[PDB]
Amino acid sequence: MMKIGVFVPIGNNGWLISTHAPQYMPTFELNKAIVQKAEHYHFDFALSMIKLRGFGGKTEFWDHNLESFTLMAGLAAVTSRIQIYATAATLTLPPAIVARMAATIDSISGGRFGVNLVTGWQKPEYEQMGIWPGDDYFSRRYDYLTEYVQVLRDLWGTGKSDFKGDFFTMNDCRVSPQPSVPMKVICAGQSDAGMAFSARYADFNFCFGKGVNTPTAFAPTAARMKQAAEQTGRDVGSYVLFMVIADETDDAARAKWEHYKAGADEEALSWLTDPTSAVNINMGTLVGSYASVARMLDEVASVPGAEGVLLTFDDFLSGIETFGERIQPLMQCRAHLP
Ligand SMILES: Cc1cc2nc3c(=O)[nH]c(=O)nc-3n(C[C@H](O)[C@H](O)[C@H](O)COP(=O)(O)O)c2cc1C
Ligand SMILES: O=c1cc[nH]c(=O)[nH]1
């Protein structure tokens with residue numbers, strides 16, 4: 001048994017950088033239709049990223065992005081079962097605001113909300129608004145996040161923080177109400193420091209799936225995450241990001257995938273700088289018939305450490321539909337559902 005989440009397209013064209021991919025703006029209403037459909041098929045959770053700058057090109061890839069906390073507050077108000085995670089880009093929001101936003105969406109969702117904390121990698125995302133802390137930051141970002149999360153822990157735990165460190169000073173800082181349920185914190189650290197951070201403070205860790213149709217290729221990463229979690233004695237499983245390109249037969253899925261790679265938007269792709277393709281940022285990709293994708297996802301579920309998968313689709317509305325109608329009923333690790 002394995003948890004499934006949907007990575008909601010808060011950015012235009014989702015995760016495909018291609019003139020042959022579906023072209024779409026991220027709107028509330030689309031994300032709404034996506035999450036209500038995921039929920040209908042008993043997806044366990046929905047997460048949006050935050051992305052403050054695009055990559056340009058013919059497709060203007062990720063030039064158009066909604067903001068994660070307000071989007072997930074809206075989706076919380078129109079759902080009732082699915083878990084909801086927003087991403088805080090920690091350089092952009094003071095911890096006490098994040099603490100109170102999380103409490104607010106706790107209230108909207110009736111205890112279904114959590115937070116994905118990220119340090120921020122993309123210097124231009126922060127440079128553009130004059131808030132990059134210098135090149136000190138690459139090396140020091142995990143100390144920063146350590147202080148940040150301590151402030152949140154105090155606020156969610158007791159309503160109050162006196163935390164004092166290098167980057168934050170609380171003087172009897174107050175946030176009430178406190179979340180109705182223990183606030184879940186997720187992290188996406190791949191590095192050593194990142195995994196050490198997650199081992200100490202996260203409920204689980206997002207990592208990248210690897211290769212095309214090589215479902216268990218990420219297994220070493222999940223092994224290191226599991227090793228990091230032994231060092232704190234805490235249960236911090238891996239959730240693995242894959243793109244699913246599924247169809248009636250393997251041939252048809254492969255034709256879609258090739259069709260996408262053909263239209264690659266090379267102009268957008270320069271700004272980012274059986275093989276994985278940059279057309280989906282070299283994402284772990286599963287391409288096949290419904291049954292073949294079911295089988296490969298079953299393999300992911302057997303990797304030590306792996307507690308779930310976070311899924312993108314080439315086409316979200318019909319991809320979630322076919323996943324739910326054709327893939328999920330064939331998956332051993334989902335036989336527990338209605
Ligand atoms: C599921 C997933 C979601 C992510 N979401 C974001 C995001 O919203 N914003 C962002 O700047 N980075 C995001 N990242 C990038 C990660 O934080 C990245 O793995 C990390 O920066 C590299 O690991 P390190 O920080 O330990 O070096 C995401 C990564 C994964 C795997
Ligand atoms: O910043 C981001 C968001 C989604 N996927 C990535 O690889 N990076």
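No hydrogens, no waters, no symmetry mates; every other heavy atom, side chains included, goes into these values. Throughout, residue positions are numbered sequentially from 1 according to the sequence presented. Order of listing sets the numbers, starting from 1, for every ligand and every atom in it.
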ask   = Among all protein non-hydrogen atoms, which one is nearest to atom 8 (O) of ligand 1, and what is the separation to 0.1 Å?
value = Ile50 N, 2.8 Å
ask   = Got the closest protein heavy atom to atom 12 (N) of ligand 1, with its distance?
value = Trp121 CD1, 3.9 Å
inquiry  = I need the nearest protein heavy-atom contact for atom 13 (C) of ligand 1: residue, atom name and distance, please.
reply    = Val118 CG1, 3.9 Å
request  = List the closest protein heavy-atom neighbour of atom 21 (O) of ligand 1: residue, atom name, distance to the nearest 0.1 Å.
outcome  = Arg141 NH1, 4.1 Å
remark   = OH (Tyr41) and CD (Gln328) are apart, to the nearest 0.5 Å, by 9.5 Å
request  = Do me a favour and list the nearest non-hydrogen protein atom to atom 29 (C) of ligand 1 with residue, atom name and distance?
outcome  = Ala188 CB, 3.5 Å
note = Going by the 4.0 angstrom heavy-atom rule, the piece of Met195 near ligand 1 is neither
inquiry  = Can you tell me which portion of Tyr142 lies within the under-4.0 Å heavy-atom range of ligand 1? Options are side chain, backbone, both, or neither.
reply    = side chain
inquiry  = Could you check whether atom CZ of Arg153 has more than 12 heavy atoms from other residues, nucleotides or ligands sitting under 6.0 Å from it?
reply    = yes
key: Protein heavy atom at shortest distance from atom 26 (O) of ligand 1   = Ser191 OG, 2.6 Å
message = Could you tell me, atom by atom, which parts of ligand 1 come under 4.0 Å of a heavy atom of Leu310?
response = 1 (C)
query = Can you tell which part of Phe7 has a heavy atom less than 4.0 Å from ligand 1: side chain, backbone, both or neither?
reply = side chain
Close-range residues for ligand 2, whose non-hydrogen atoms fall below the 4.0 Å threshold = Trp15, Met49, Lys51, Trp62, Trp121, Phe208
ask   = Less than 6.0 Å separating the ring centroids of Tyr260 and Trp15?
value = no
Considering all heavy atoms, the nearest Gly54-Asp63 contact = CA-OD1, 3.2 Å
note = When distances are taken from atom 23 (O) of ligand 1, the protein heavy atom at minimum range is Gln190 N, 3.1 Å
